[PDB]
Amino acid sequence: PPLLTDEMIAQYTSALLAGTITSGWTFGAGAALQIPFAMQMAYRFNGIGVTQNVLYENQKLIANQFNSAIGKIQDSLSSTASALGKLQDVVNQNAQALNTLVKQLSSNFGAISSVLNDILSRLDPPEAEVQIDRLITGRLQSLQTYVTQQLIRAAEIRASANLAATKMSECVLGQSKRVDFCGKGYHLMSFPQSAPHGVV
Amino acid sequence: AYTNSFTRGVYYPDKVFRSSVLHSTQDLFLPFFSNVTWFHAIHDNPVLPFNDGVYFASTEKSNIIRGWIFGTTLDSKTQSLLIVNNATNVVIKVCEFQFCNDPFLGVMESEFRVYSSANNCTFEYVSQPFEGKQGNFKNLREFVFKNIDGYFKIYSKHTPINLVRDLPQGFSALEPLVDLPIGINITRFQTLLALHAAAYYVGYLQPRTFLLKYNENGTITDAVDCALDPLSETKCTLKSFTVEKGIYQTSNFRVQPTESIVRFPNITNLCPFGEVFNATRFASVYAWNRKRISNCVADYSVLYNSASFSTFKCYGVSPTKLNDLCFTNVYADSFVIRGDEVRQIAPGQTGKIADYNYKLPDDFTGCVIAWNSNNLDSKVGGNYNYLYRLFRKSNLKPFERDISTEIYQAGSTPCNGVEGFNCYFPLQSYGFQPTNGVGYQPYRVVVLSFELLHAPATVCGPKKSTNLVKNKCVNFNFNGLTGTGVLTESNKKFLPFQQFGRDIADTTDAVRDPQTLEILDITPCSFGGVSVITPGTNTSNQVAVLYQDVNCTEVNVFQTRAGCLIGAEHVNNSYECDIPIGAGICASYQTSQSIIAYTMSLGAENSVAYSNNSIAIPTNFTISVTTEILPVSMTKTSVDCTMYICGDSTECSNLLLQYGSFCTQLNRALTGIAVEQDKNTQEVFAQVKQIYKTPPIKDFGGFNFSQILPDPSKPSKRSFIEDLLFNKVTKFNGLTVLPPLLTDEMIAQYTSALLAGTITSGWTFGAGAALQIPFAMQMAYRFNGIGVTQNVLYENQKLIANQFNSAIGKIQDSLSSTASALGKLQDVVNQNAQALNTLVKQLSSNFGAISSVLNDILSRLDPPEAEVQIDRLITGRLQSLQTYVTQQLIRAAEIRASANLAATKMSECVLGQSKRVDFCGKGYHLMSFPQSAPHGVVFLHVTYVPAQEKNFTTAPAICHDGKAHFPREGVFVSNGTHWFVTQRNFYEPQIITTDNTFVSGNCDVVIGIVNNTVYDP
Amino acid sequence: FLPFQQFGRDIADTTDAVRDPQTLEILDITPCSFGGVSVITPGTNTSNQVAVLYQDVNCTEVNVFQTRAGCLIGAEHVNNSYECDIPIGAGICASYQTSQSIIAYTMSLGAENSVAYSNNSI
Amino acid sequence: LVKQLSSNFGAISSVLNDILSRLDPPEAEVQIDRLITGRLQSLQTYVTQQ
Ligand SMILES: *[C@@H]1O[C@H](CO)[C@@H](O[C@@H]2O[C@H](CO)[C@@H](O)[C@H](O)[C@H]2NC(C)=O)[C@H](O)[C@H]1NC(C)=O
Ligand SMILES: *[C@@H]1O[C@H](CO)[C@@H](O[C@@H]2O[C@H](CO)[C@@H](O)[C@H](O)[C@H]2NC(C)=O)[C@H](O)[C@H]1NC(C)=O
Ligand SMILES: *[C@@H]1O[C@H](CO)[C@@H](O[C@@H]2O[C@H](CO)[C@@H](O)[C@H](O)[C@H]2NC(C)=O)[C@H](O)[C@H]1NC(C)=O
Ligand SMILES: *[C@@H]1O[C@H](CO)[C@@H](O[C@@H]2O[C@H](CO)[C@@H](O)[C@H](O)[C@H]2NC(C)=O)[C@H](O)[C@H]1NC(C)=O
Ligand SMILES: *[C@@H]1O[C@H](CO)[C@@H](O[C@@H]2O[C@H](CO)[C@@H](O)[C@H](O)[C@H]2NC(C)=O)[C@H](O)[C@H]1NC(C)=O
Ligand SMILES: *[C@@H]1O[C@H](CO)[C@@H](O)[C@H](O)[C@H]1NC(C)=O
Ligand SMILES: *[C@@H]1O[C@H](CO)[C@@H](O)[C@H](O)[C@H]1NC(C)=O
Ligand SMILES: *[C@@H]1O[C@H](CO)[C@@H](O)[C@H](O)[C@H]1NC(C)=O
Ligand SMILES: *[C@@H]1O[C@H](CO)[C@@H](O)[C@H](O)[C@H]1NC(C)=O
Ligand SMILES: *[C@@H]1O[C@H](CO)[C@@H](O)[C@H](O)[C@H]1NC(C)=O
Ligand SMILES: *[C@@H]1O[C@H](CO)[C@@H](O)[C@H](O)[C@H]1NC(C)=O
Ligand SMILES: *[C@@H]1O[C@H](CO)[C@@H](O)[C@H](O)[C@H]1NC(C)=O
Ligand SMILES: *[C@@H]1O[C@H](CO)[C@@H](O)[C@H](O)[C@H]1NC(C)=O
Ligand SMILES: *[C@@H]1O[C@H](CO)[C@@H](O)[C@H](O)[C@H]1NC(C)=O
Ligand SMILES: *[C@@H]1O[C@H](CO)[C@@H](O)[C@H](O)[C@H]1NC(C)=O
Ligand SMILES: *[C@@H]1O[C@H](CO)[C@@H](O)[C@H](O)[C@H]1NC(C)=O
Ligand SMILES: *[C@@H]1O[C@H](CO)[C@@H](O)[C@H](O)[C@H]1NC(C)=O
Ligand SMILES: *[C@@H]1O[C@H](CO)[C@@H](O)[C@H](O)[C@H]1NC(C)=O
Ligand SMILES: *[C@@H]1O[C@H](CO)[C@@H](O)[C@H](O)[C@H]1NC(C)=O
Ligand SMILES: *[C@@H]1O[C@H](CO)[C@@H](O)[C@H](O)[C@H]1NC(C)=O
């Protein structure tokens, strides 16, 4: 099992959202300092070279556009399964890797039979160890292949996790000046959401 | 009665010197803390059984205990070892002897019970010539007596004592003294007492694995009984007598079967073997008979044991393990051949019969049965009724009966009506006569072809079935198909023709019982990993055991989603995670003290006092210093594949050449790694074009850098902190280590240059030339870069310098006292060291060979057989290197990524100032300082952290003359009576003026605007 | 060694020492010196002169310059530092310089420079 | 990878067709199995490096 259950992850994302919403970026550096959300947005606008008065004069429009955009996100996630393909493939790759490994137990690898107990029950030791050695070599090689693939895939996941942590820190906890690091456009804020074996 | 064996019974297992090493060995040792029977000399000593070895010990002050008797019957029928120490002559005898009901010697001997017989003696040895009081003992004499294949090994240790008590506690190893080359079947033994205190102990040895600690003198000083308890198992797994705090996976729990289940179809028919082996006439090889035997009980023990067959050779099956297998059908191919033709009837064989009259499959799984027939098929003057075929225009497929008698065409001439040149008949016959040679007598051969249980079986051996027991782990056998698991009822509706079920993975899921047609699911019995949760041995020897993914109903006790955890107390209170278990559960050693398990806390619960018109603005700040440790490089290696695999052996090397480029691709891959380690180091540290140095006068505005700057008084110009770091982080098999290109001095010089640049020129030396600037002014820019006006620094410069200096002192105290601070770098060193040790250990492996040492193979076997054993070693050692190299390439990729990150930080934190949140520590980044470390870099990140906040009333805008005023910088705040404008990150209230705010629009659009006045200077 | 001990072992299980069966003294067995051999050369478009580095051995069994990378034979030891060209290890690099010959030297880390720091000068 | 096809891996010959044309199946599969093991290991090495 994972060390952190889904409930604990949800609680962590809840804490991050409440901090982001009520204290902006201040909770990242130190203490969470409460601030009105509209004023937080004013800073977020100033950070992109847009004077804060634009937000206040158009605050109703901005809130309506945000709420509509969120509704569209919900409609997309509720109807297009391929949206999460990036995470589903990871699950599939691991599931496929284990199924292949299991299938290797059915292979003979040159032996008279893939089932070891039928070998032991049929041959006396002096001839049986040769057939067993063939199965040991094949199954050991199969595990080594699996483990190597898992180490490489793990390196890929680690790189992705490091990227996700970087985004969390420089987008959710702060405000990003890195172009297209946190989506197309001038970044204002980001919100984390948990997902199976990943973050959204 | 009984006493507790206090770690006694440890002897040197062999005659090899070892030192400063923990060696794991399996041998016959006395189990730790076991019960040993306590016998007394006063008030008649019984005979005890001998059972795979005896531990014997006695305590003496006057040599009351003088001998031993070992054997089985002690009645002159077998050899019995007799050892007597009569203060003058140590005597060892293996003569046969008739002993008295209670043998003893009086105090020199005064009575005749020493022995009564001297017959059939095979060995004698006598050593050189050389009271009855009671009290505390003076001499403890411990012995081990064991019999292995033919050597009777006696180990012992004598030690002075001044004590009466039973088996003193402490540790002492027993050296070998005697090895008697005689194989005596010993089942019982007796001791010999001197009669005019002096007790002795008898324990028994068991095959256990022990971990023995050899000191610098090669003396065994301690030991771990690897099966005593989970903690000892942990110690064995880590090959250490000290266990760090954490959870280790040490073993696997597996439920064992209780009983076997043998099930077979309830058929009572017997197989007609007599009608095949005992027949009046066998068929000819051109027209051999094939009887199918099915739906019967085949007793193959009778045919095998009968002393009438000339040969009984089985392929595919073993001739003995034939009763516990069953077949869908068995076929008996029966025919007569010439004795000399027996060699041709075999899979893979050729000859005039193998190709023309009887061809076998090359995957045949049957038996070749033969006996001579000189007194049955042979007739006087030659029996001419057995026909063979010596010519054919084509080769038989396996199991073909070529009955056709067509005129063989040796050429293109017309035949089939012609028996002239190149038209001859292929059928020829034998003349079996009682006077012909052995190779020419008739033999009756029957080959029994057996297929495997690929489908339902009908012909099973003569063994009765048993009843079936459900819902228990059993060893089952259904129609010859065997396995282990719990047999349960199922609701899987098999069709009448279906006998077996399968899972997605092709495993057996369920079977139909051949006697009562119900479907039984087979679920393999519960198993899982076993992990030991323990605080470090510097705290407590109490452990908890986690049985992974099983219920605790077959093994206080706490059931968790990780498995059932035994030994840990369940605590309702949450805490920070210490030793993780899984599924939200962690364990720790807390309050006497005991191991507890709990749901982990995720942090303190806190709420934010949010409202639409209240802002918290910091009034004070703290300068913090954090330490970030990154790997940059790993020890570079190069392996000579030939010397490793084929050390100083030309023949092995010559065999290695048959593998092509396998060596050079490994040498190349490791070279590539070694090169990139220098690239990584160069990229991280050599980012400065010049070597900068600080002035002799450290006038840095009150900032004390003496603990990060080079110390001119040291033998290596490293900083104090660097010296602390270096004091915390700690070859003839073709394995070498290359030096790094950049020595530690050069790295220190690079970090010195970076520090002097950072201190004296800020970030300007990174972009171009190093432009000198006062440090306080540099800090002013660093403060401006985080939205804090530079006047804050100057007004609080003394405070800031004192906080910085104190933070540095704390860094020094931490690095000087907490070793785990550098764990991130130490693990890298350990991973590389461990990887090489494993590689070296692989040289000791046999990989199926008769011996792991190649020179002993070469010196013992002639080449024609030796290359096979060598090829096995080459394959194993080559695979081991490939595993090592792959792991190194992956680890190198990890190190490269870390080095790239470190270089990125160097550039965007040390050389510049970082806007990336939490990239260079928590807080608003000001500056960073590099420090070198073994195979890595340490960054000291200096951050500004807001502290001491107050609740202020705020507003997004102020209306004045109907115009809406917004802050240029800062926010509008009110202390309850007056409105001020102030910077976001530091409370510094200013009067609201037209030079602080700007006007846009009017006061009717913006939500939360308040009425006030804006002062016009 | 104790009287019953005949062979010694290292941490790696290799034979470390033996007791001579005729005269009971303990002899350490150290496998004879070996190591990789590397060739340091400028490109063949410049010169056919090379230097040979015998890795991690002393040059007492094989001008001659002993370094911490091994004993380097054929390269002249130069007191003057320069920028690294062909790296050897342990701070030593080699290059083809001035007739011309192969030289070995401690690498320069860059020009030495000081910053004219003071509390009131920018 | 291509060069590995020229290796014997313990076989009497690296070229498979000469094995098949020279030995009857009952002995030829052993030599072929040696070549299969060597060539399969070579591919696995290549793929891991890739
Ligand atoms: C060692 O000696 C014991 C006698 O104590 C042998 O045990 C006997 O074995 C035979 C079997 O041939 C039985 O008939 C006897 O009844 C056994 N004796 C007792 C007292 O039970 C044992 O077989 C001997 N082993 C060897 C290898 O010689
Ligand atoms: C800001 O905090 C610092 C400490 O973090 C304060 O300095 C301390 O002031 C008290 C006075 O009450 C002294 O007794 C301490 O010795 C000071 N410590 C240090 C390290 O200087 C500072 O006064 C605070 N400033 C404000 C305005 O509250
Ligand atoms: C910078 O801090 C160091 C301590 O880390 C100071 O060195 C100490 O100075 C005091 C005098 O005030 C001596 O009594 C200590 O023995 C010194 N310790 C060491 C380890 O040198 C150093 O003086 C400080 N620099 C300045 C300019 O004050
Ligand atoms: C809010 O800040 C103002 C500005 O300092 C405070 O007004 C001053 O109060 C002190 C004593 O209360 C007087 O001596 C000053 O003359 C006042 N300044 C002016 C310009 O009149 C005000 O009291 C503060 N309010 C609270 C609740 O602390
Ligand atoms: C701030 O001042 C303006 C003008 O002095 C106030 O506007 C008046 O508000 C009252 C009550 O809502 C209306 O009846 C008047 O017609 C408004 N006059 C104008 C010119 O708009 C405003 O309400 C004041 N705001 C506060 C919070 O006191
Ligand atoms: C030792 O013997 C006593 C009595 O026979 C028994 O109660 C005790 O459990 C035994 N100890 C062990 C470890 O078996
Ligand atoms: C000890 O026993 C041996 C056994 O024969 C005997 O020869 C010897 O004389 C004895 N020594 C005495 C009685 O001092
Ligand atoms: C062994 O002792 C017995 C004792 O009766 C004797 O008859 C026999 O001849 C002796 N020798 C052998 C070889 O059994
Ligand atoms: C063992 O080591 C100690 C180390 O102090 C040394 O004094 C002693 O002579 C050595 N030999 C023996 C037999 O103790
Ligand atoms: C014999 O086999 C039949 C076949 O189903 C079974 O019904 C019967 O009970 C069996 N008899 C015994 C004694 O097991
Ligand atoms: C065949 O005959 C021999 C001798 O007459 C006998 O020993 C053997 O058991 C018989 N075969 C069978 C299957 O009974
Ligand atoms: C760890 O062990 C050492 C030596 O046994 C001891 O000095 C030290 O205090 C121990 N640490 C703790 C935390 O008990
Ligand atoms: C574990 O055993 C208990 C005891 O009978 C049982 O009630 C429970 O269902 C079992 N399985 C679990 C907890 O998954
Ligand atoms: C823990 O909480 C449970 C509530 O179900 C309670 O029954 C139990 O007694 C509590 N234990 C302790 C030690 O407080
Ligand atoms: C701010 O006000 C809220 C509610 O009045 C209070 O809970 C909180 O502690 C206050 N914060 C400070 C720093 O006084
Ligand atoms: C939010 O602000 C409005 C005026 O801008 C005020 O009426 C309302 O009460 C405020 N919210 C709360 C919770 O007081
Ligand atoms: C014979 O062996 C003994 C045993 O140590 C030794 O002392 C003696 O020198 C040897 N003799 C010769 C001639 O080597
Ligand atoms: C390299 O060789 C080419 C052709 O041999 C020549 O034209 C070129 O000048 C050479 N370069 C140097 C630097 O000598
Ligand atoms: C190398 O050889 C010299 C020449 O005798 C010797 O002095 C030195 O100690 C040896 N070992 C080294 C340099 O490590
Ligand atoms: C190099 O410096 C050393 C100083 O130990 C000196 O003896 C030697 O002659 C110098 N060589 C040259 C070429 O300057």
# chains A, B, ... in the order shown; residues from 1 in each chain; ligands from 1
>>> closest_atom_pairs(of="chain D", to="chain A", cutoff="12 Å", atoms="only C-alpha atoms", output="Markdown table")
| residue | atom | partner | partner_atom | distance |
| --- | --- | --- | --- | --- |
| D:29 | CA | A:110 | CA | 9.7 |
| D:30 | CA | A:110 | CA | 9.7 |
| D:32 | CA | A:110 | CA | 11.3 |
| D:33 | CA | A:110 | CA | 8.2 |
| D:34 | CA | A:110 | CA | 11.1 |
| D:36 | CA | A:109 | CA | 11.0 |
| D:37 | CA | A:109 | CA | 10.1 |
| D:40 | CA | A:141 | CA | 11.1 |
| D:41 | CA | A:141 | CA | 9.6 |
| D:43 | CA | A:145 | CA | 12.0 |
| D:44 | CA | A:145 | CA | 8.3 |
| D:45 | CA | A:145 | CA | 10.2 |
| D:47 | CA | A:149 | CA | 10.3 |
| D:48 | CA | A:148 | CA | 7.9 |
| D:49 | CA | A:152 | CA | 10.7 |
| D:50 | CA | A:152 | CA | 11.0 |
>>> interface_residues(of="chain B", to="chain D", cutoff="8 Å", atoms="only C-alpha atoms", output="list in words")
residues 348, 362, 655, 658, 659, 660, 661 and 886 of chain B
>>> write_last_selection(atoms="N, CA, C and O atoms", output="compact mmCIF listing (two decimals), in the first residue's frame")
# COMPACT_ATOMS: atom_id res chain seq x y z
N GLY B 348 16.78 -39.53 -31.65
CA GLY B 348 17.99 -38.86 -32.06
C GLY B 348 18.98 -39.79 -32.72
O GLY B 348 20.01 -39.31 -33.23
N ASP B 362 11.81 -37.24 -31.67
CA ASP B 362 12.97 -36.73 -30.95
C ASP B 362 12.59 -36.14 -29.60
O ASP B 362 13.49 -35.80 -28.82
N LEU B 655 37.93 -18.44 -24.36
CA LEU B 655 36.50 -18.72 -24.41
C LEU B 655 35.71 -17.42 -24.42
O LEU B 655 34.68 -17.32 -25.09
N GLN B 658 34.74 -15.71 -27.65
CA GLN B 658 33.62 -16.19 -28.45
C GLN B 658 32.38 -15.33 -28.23
O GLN B 658 31.38 -15.53 -28.93
N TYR B 659 32.43 -14.40 -27.28
CA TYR B 659 31.35 -13.49 -26.94
C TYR B 659 31.50 -12.11 -27.58
O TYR B 659 30.72 -11.21 -27.27
N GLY B 660 32.48 -11.94 -28.46
CA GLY B 660 32.60 -10.68 -29.17
C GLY B 660 32.90 -9.44 -28.34
O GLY B 660 33.87 -9.38 -27.58
N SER B 661 32.04 -8.44 -28.51
CA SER B 661 32.14 -7.11 -27.93
C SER B 661 31.56 -6.96 -26.52
O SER B 661 31.51 -5.83 -26.03
N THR B 886 24.44 -1.78 -15.73
CA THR B 886 23.12 -1.19 -15.92
C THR B 886 22.72 -0.36 -14.70
O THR B 886 22.21 0.76 -14.84
>>> residues_near_ligand(ligand="ligand 2", cutoff="8 Å", atoms="only C-alpha atoms and all ligand atoms", output="PyMOL selection string")
chain B and resi 619-622+799+802-803+948
>>> residues_near_ligand(ligand="ligand 14", cutoff="10 Å", atoms="only C-alpha atoms and all ligand atoms", output="list in words")
residues 569, 570, 571, 572 and 573 of chain B
>>> select_by_dssp(residues="region 131-186 of chain A", states="alpha helix (DSSP H)", output="short mmCIF file (atom, residue, chain, number, x, y, z; two decimals) with C-alpha atoms, in the first residue's frame")
data_model
loop_
_atom_site.label_atom_id
_atom_site.label_comp_id
_atom_site.auth_asym_id
_atom_site.auth_seq_id
_atom_site.Cartn_x
_atom_site.Cartn_y
_atom_site.Cartn_z
CA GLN A 131 15.62 -28.92 -16.64
CA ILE A 132 15.23 -26.91 -13.46
CA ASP A 133 18.37 -24.90 -14.17
CA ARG A 134 16.90 -23.98 -17.54
CA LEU A 135 13.76 -22.70 -15.86
CA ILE A 136 15.74 -20.86 -13.20
CA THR A 137 17.84 -19.11 -15.83
CA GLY A 138 14.80 -18.07 -17.84
CA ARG A 139 12.76 -16.87 -14.89
CA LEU A 140 15.67 -15.04 -13.33
CA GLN A 141 16.37 -13.28 -16.60
CA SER A 142 12.69 -12.36 -16.81
CA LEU A 143 12.77 -10.76 -13.38
CA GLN A 144 15.93 -8.85 -14.22
CA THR A 145 14.25 -7.49 -17.34
CA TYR A 146 11.25 -6.43 -15.28
CA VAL A 147 13.35 -4.73 -12.62
CA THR A 148 15.46 -2.84 -15.15
CA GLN A 149 12.33 -1.58 -16.87
CA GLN A 150 10.91 -0.55 -13.51
CA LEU A 151 14.06 1.35 -12.58
CA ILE A 152 13.99 3.26 -15.84
CA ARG A 153 10.28 3.96 -15.55
CA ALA A 154 10.83 5.01 -11.94
CA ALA A 155 13.43 7.50 -13.10
CA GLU A 156 10.83 8.89 -15.48
CA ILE A 157 8.27 9.14 -12.69
CA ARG A 158 10.79 10.75 -10.36
CA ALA A 159 11.57 13.39 -12.96
CA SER A 160 7.86 14.01 -13.38
CA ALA A 161 7.35 14.22 -9.62
CA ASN A 162 10.20 16.69 -9.32
CA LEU A 163 8.59 18.76 -12.04
CA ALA A 164 5.23 18.58 -10.27
CA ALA A 165 6.83 19.67 -7.01
CA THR A 166 8.52 22.52 -8.82
CA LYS A 167 5.20 23.63 -10.27
#
>>> residues_near_ligand(ligand="ligand 3", cutoff="10 Å", atoms="only C-alpha atoms and all ligand atoms", output="PyMOL selection string")
chain B and resi 697-708+720+805-806+808-809+812
>>> write_last_selection(atoms="C-alpha atoms", output="CSV table (one decimal), in the first residue's frame")
chain,number,residue,atom,x,y,z
B,697,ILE,CA,40.2,43.2,5.9
B,698,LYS,CA,36.8,41.7,6.4
B,699,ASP,CA,34.8,44.9,6.5
B,700,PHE,CA,31.5,43.4,5.4
B,701,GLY,CA,29.1,45.6,7.3
B,702,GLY,CA,28.9,43.5,10.4
B,703,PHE,CA,28.4,40.2,8.5
B,704,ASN,CA,30.8,37.5,9.8
B,705,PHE,CA,31.9,35.1,7.1
B,706,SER,CA,34.9,33.6,8.9
B,707,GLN,CA,33.2,30.2,9.0
B,708,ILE,CA,32.6,30.0,5.2
B,720,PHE,CA,35.7,25.6,8.8
B,805,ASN,CA,25.8,35.4,12.4
B,806,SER,CA,23.6,33.5,14.9
B,808,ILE,CA,25.5,30.5,10.8
B,809,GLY,CA,26.5,29.4,14.3
B,812,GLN,CA,27.8,24.9,12.5
>>> residues_near_ligand(ligand="ligand 11", cutoff="8 Å", atoms="only C-alpha atoms and all ligand atoms", output="list in words")
residues 272, 273, 274, 275, 277, 278, 302, 303, 306 and 308 of chain B
>>> residues_near_ligand(ligand="ligand 6", cutoff="7 Å", atoms="only C-alpha atoms and all ligand atoms", output="PyMOL selection string")
chain B and resi 2+33-35
>>> interface_residues(of="chain C", to="chain B", cutoff="9 Å", atoms="only C-alpha atoms", output="PyMOL selection string")
chain C and resi 1-2+4-14+17+30-36+55-56+68-69+87-93+109-122
>>> closest_residue(among="A:179, A:61, A:3, A:90", to="chain B", atoms="only C-alpha atoms")
A:3
>>> decode(residues="region 150-163 of chain A", atoms="N, CA, C and O atoms", output="mmCIF file, in the first residue's frame")
data_model
loop_
_atom_site.group_PDB
_atom_site.id
_atom_site.type_symbol
_atom_site.label_atom_id
_atom_site.label_comp_id
_atom_site.auth_asym_id
_atom_site.auth_seq_id
_atom_site.Cartn_x
_atom_site.Cartn_y
_atom_site.Cartn_z
ATOM 1 N N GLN A 150 11.507 -1.298 -14.601
ATOM 2 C CA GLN A 150 10.909 -0.547 -13.508
ATOM 3 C C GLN A 150 11.830 0.554 -13.022
ATOM 4 O O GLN A 150 11.363 1.624 -12.642
ATOM 5 N N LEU A 151 13.135 0.316 -13.019
ATOM 6 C CA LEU A 151 14.058 1.351 -12.578
ATOM 7 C C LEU A 151 14.068 2.510 -13.554
ATOM 8 O O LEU A 151 14.069 3.680 -13.151
ATOM 9 N N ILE A 152 14.001 2.204 -14.842
ATOM 10 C CA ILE A 152 13.990 3.262 -15.840
ATOM 11 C C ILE A 152 12.681 4.034 -15.767
ATOM 12 O O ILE A 152 12.660 5.278 -15.776
ATOM 13 N N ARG A 153 11.570 3.312 -15.667
ATOM 14 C CA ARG A 153 10.280 3.962 -15.547
ATOM 15 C C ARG A 153 10.223 4.787 -14.270
ATOM 16 O O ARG A 153 9.619 5.861 -14.242
ATOM 17 N N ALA A 154 10.804 4.276 -13.188
ATOM 18 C CA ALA A 154 10.830 5.014 -11.938
ATOM 19 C C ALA A 154 11.609 6.300 -12.094
ATOM 20 O O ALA A 154 11.287 7.304 -11.463
ATOM 21 N N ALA A 155 12.679 6.273 -12.883
ATOM 22 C CA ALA A 155 13.427 7.498 -13.105
ATOM 23 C C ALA A 155 12.556 8.504 -13.831
ATOM 24 O O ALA A 155 12.574 9.704 -13.528
ATOM 25 N N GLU A 156 11.741 8.012 -14.763
ATOM 26 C CA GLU A 156 10.828 8.895 -15.478
ATOM 27 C C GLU A 156 9.798 9.494 -14.534
ATOM 28 O O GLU A 156 9.529 10.704 -14.567
ATOM 29 N N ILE A 157 9.249 8.664 -13.658
ATOM 30 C CA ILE A 157 8.270 9.135 -12.690
ATOM 31 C C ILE A 157 8.903 10.113 -11.722
ATOM 32 O O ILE A 157 8.264 11.077 -11.305
ATOM 33 N N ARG A 158 10.125 9.838 -11.279
ATOM 34 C CA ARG A 158 10.795 10.746 -10.361
ATOM 35 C C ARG A 158 10.994 12.102 -11.005
ATOM 36 O O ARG A 158 10.814 13.136 -10.358
ATOM 37 N N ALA A 159 11.407 12.118 -12.270
ATOM 38 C CA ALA A 159 11.571 13.388 -12.961
ATOM 39 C C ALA A 159 10.248 14.127 -13.051
ATOM 40 O O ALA A 159 10.181 15.343 -12.829
ATOM 41 N N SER A 160 9.174 13.392 -13.318
ATOM 42 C CA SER A 160 7.858 14.010 -13.377
ATOM 43 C C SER A 160 7.436 14.543 -12.018
ATOM 44 O O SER A 160 6.847 15.622 -11.926
ATOM 45 N N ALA A 161 7.688 13.781 -10.960
ATOM 46 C CA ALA A 161 7.352 14.224 -9.616
ATOM 47 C C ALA A 161 8.137 15.459 -9.229
ATOM 48 O O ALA A 161 7.614 16.349 -8.555
ATOM 49 N N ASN A 162 9.400 15.525 -9.631
ATOM 50 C CA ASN A 162 10.202 16.693 -9.319
ATOM 51 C C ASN A 162 9.649 17.898 -10.048
ATOM 52 O O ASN A 162 9.584 19.001 -9.496
ATOM 53 N N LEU A 163 9.206 17.688 -11.284
ATOM 54 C CA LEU A 163 8.587 18.765 -12.036
ATOM 55 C C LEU A 163 7.298 19.210 -11.368
ATOM 56 O O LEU A 163 7.008 20.407 -11.290
#
